[PDB]
Structures are given as structure tokens and as C-alpha cells.
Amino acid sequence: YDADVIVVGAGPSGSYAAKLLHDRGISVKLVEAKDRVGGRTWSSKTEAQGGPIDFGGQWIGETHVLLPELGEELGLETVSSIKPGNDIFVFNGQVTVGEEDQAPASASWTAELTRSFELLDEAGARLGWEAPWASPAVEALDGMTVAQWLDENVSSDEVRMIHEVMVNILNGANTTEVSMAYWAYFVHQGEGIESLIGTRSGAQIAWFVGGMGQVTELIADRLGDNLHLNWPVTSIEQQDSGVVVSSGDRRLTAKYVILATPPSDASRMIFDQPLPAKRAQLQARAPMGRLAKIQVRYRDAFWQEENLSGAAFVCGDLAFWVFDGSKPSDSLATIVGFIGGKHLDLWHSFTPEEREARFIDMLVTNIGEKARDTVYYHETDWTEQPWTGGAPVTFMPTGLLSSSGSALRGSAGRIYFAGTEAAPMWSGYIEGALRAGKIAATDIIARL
């Protein structure tokens, strides 16, 4: 054998699984398709004026345990993402100012928003994170779309617009595309909707100074020539005695394989023998969402003069989730905008010059005319990255979670499923990637 274990994919999940194996002195190879590690995490200390920038995922949550622990182990510093001032809600170009991070008690829609979150959380609780595919509630929820559930359960146009931007960003998909069962499950296993839409709480509370890309890069440094970049896995062969992992004519042999890729990217690989039917259907039918991350930098955080946090739920035909991404040690202030799903479909119909003009028009509504005085502007389109299907997460259409969801976790013979989609909680997030890597590495260390 070339190694005891081959890990396929050097995102946070595969990188962490390889780190845990290498730390125990188990022989491991980490193979990665791209010319870099990080997967959906990606940062540069030098490419953007004003300081490090994260092109992919960057927020650390308040309940995350493995991510801050690994940050400490790799010698990274965290900084708070929390901003003072009022968040805003924008509906078709019209601004409602929040009260800190709360919808204003005076708005007609605030009471129904709270009710709509309890309904969504209740649907999630009926499925659970442990075995949603086996829930007596899953058949009915998995035969309908989020759009259909919203038609049945939400009256207020404002409440419906907030739910639409949340799904189009948090799943990168239209409410007409995503199973309500998958959405309800996804939100519950992220500790509920208020957790995932936190602007200063829940999933969004901190950053690593120097960028999130450092997590995988500092692991790659520990692994040395056990990491192979530019090594796209084309086929995986299971034998009685081990596994053969191929990239074209290049072959590596091992006792076990950890597949640390999204199900949709695993579908590109040829398996002999064929994977279990539920897993093969999961890989073919659970696509990635679509998201773009747009970042603008300014000489200073001028919105703080108006007691604006910079955080905004921008709803309508071109919907965004907007944050202040500034670190105290940066040289410039940063606004980060996300656009996904059906809103990104419209964005894709525009020229690059039209997109930048529309983005800056949107910011002028949120933070005023100083938003035109940009020092830097950048878009990362996560539908155009090779061997990454999309962003931020995998989603499922009707019928899949209830028929095939159990194949998100565990193993098939000598192939162990990692990647964030395999995590029992925090699937979709870096914390889930680490949890899924830890489970696969832990189970293989017991088999060795």
C-alpha cells in the first residue's frame, strides 16, 4: 500500500481528517483536484488592497467547538464580527430601520415574522437532525417545495420576502427548487433559523485574522508531500484487501478512503463496485446551490456615522444579504454582499459593468452616496470554480431526503463519507466539515 488511508478533497473536512490521522502517525495521503487547498474556504493575504480577504466562507459561530479549537491548535487569532448600530430591512428599494439586530416592534410584519420562525423551527423539530429520513413527518414535507410551504404558512409580503432571501442565500437556491423537508432539516441542524440568520449572534460572531484559508493551508504545511494538488480523483476501486484511487493513469493504494467532497462532486468519480443505491442516487440528485460573494472596500466605515451596522436583508427581485466585513487591524473598511439562487440567476443575465453598477446602487440605498467612493471591488462567483459544484451548500429537491437521506453519513465498505453534508449537526458549515472529518478519521483509526 502507498498509505493506510487516502483522503479525497482538501477542504476543511478532508484536511482535518488527514491532520487527525497524521497526528497519530497513521500513513495518509491527501489528494485534491484544485491547484490549492481550502475548497469552499479560500483567502488571500495580498490580492486585495487593505488587508486579507476571504473569497469563500469566513464566519465562526458562537456554538462552534471544533473550529475555534482547531484555530487555537494552528496558532490563529480570532476577532469578533459584532458591529454596533441598526441593521436594516429593504423591501423593493424601501428601507425599514431595525432596532439593533431586531425587526422593529412598530412594523406591521414583525409579529408574523416571529410566528413564521416558530412554524419553521417546529417543522424542523418534527424531523430532527439524528434521522430526518426516518421521521413520520418527512414524507409529507419532502413532497412539497419551500415556496409551497410559504404559500400555506405566511401571509405578509415582507415575511415572505425575508424567507425568500434566506433560502436563496443559505441554500443558494430558489424556494421553488428546495424540498421543504430538506430546508426544515437544514435549519434545525443549524440550531434554528435565528441561529443561521444572526448578524451579531448565532452562526455569525467571529473571524480568523489573516483569513479562513489559513486553516487548510497550515494543515497542508504539516502534511508536506503527503498532500497531492492537481490530483482530481477519476475512479475509486474497492478490493477485498483495500482501495485503489486513480487520477487518470496515476494510482494510489490504501486500506481505506475518506471521501471529503460534496455528494454532487463525488458523483463525478467512477466507483467499482457501484456504491449502494441510496448513496449513488444521493450523489446524483443532491446538487449545490449557487452564490456569489461581492466585496467593496472604502477608506472608512462611514455608515457608523448614521448608527448603521452595515448589516441588511435586501429583499425583492435582486436580493442580497449584506454585512460589515471590516477587521479592526485592516487598513480599509469592507462591505460584503451575498446573492444566490434565483437572484443570482438574474445577476448572471447582466454584464460585469452592469453588476458593479447595480451593486453600488443597492449599497447607496443602504448606506448613502459615499458608497459610490469605492477603493476596491471584487466578485467571487462560486458557480465558476472547477471541481466545486456551487455554494454555499448542498441542497435537495423533492423526494430525495425521504428516500436517500441516510446515505449522507457513514460508510460503504472501505469508503468513509466525510464532507460537511455527513455531519450530524452544522452540515453546510465549516464546523460540520470538521465534525464529519473527525467521525471518519475516528472510525478508521478504530478499524486499523
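Residue indices: 1-based, along the sequence shown.
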Task: Entry-level comparison of average CA B-factors, 71 to 79 and 341 to 349, reporting the higher stretch - done: 71 to 79
Open item on the list: Mean CA temperature factor from the deposited coordinates, higher in 210 to 218 or in 152 to 160?
Closed with: 152 to 160
Open item on the list: Sorting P263, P232, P136, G190 by Cα temperature factor from the record, which one lands on top?
Closed with: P136
Open item on the list: Just to confirm, going by the entry's C-alpha B-factors, which of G242, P132, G143, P287 comes out highest?
Closed with: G242
Task: Where the record places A422 (Cα B-factor, split into thirds across the chain) - done: lowest
Open item on the list: Per the entry's values, where does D121 land by CA temperature factor relative to the rest of its chain, in the lowest, middle or highest third?
Closed with: middle
Open item on the list: Test of reading the entry: by CA B factor among the chain's modelled residues, which third contains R268?
Closed with: middle
Task: Cα B factor band for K293 (lowest, middle or highest third within the chain) - done: lowest
TODO: Relative to the other modelled residues of the same chain, rank the CA B-factor of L400 and answer lowest, middle or highest third.
DONE: lowest
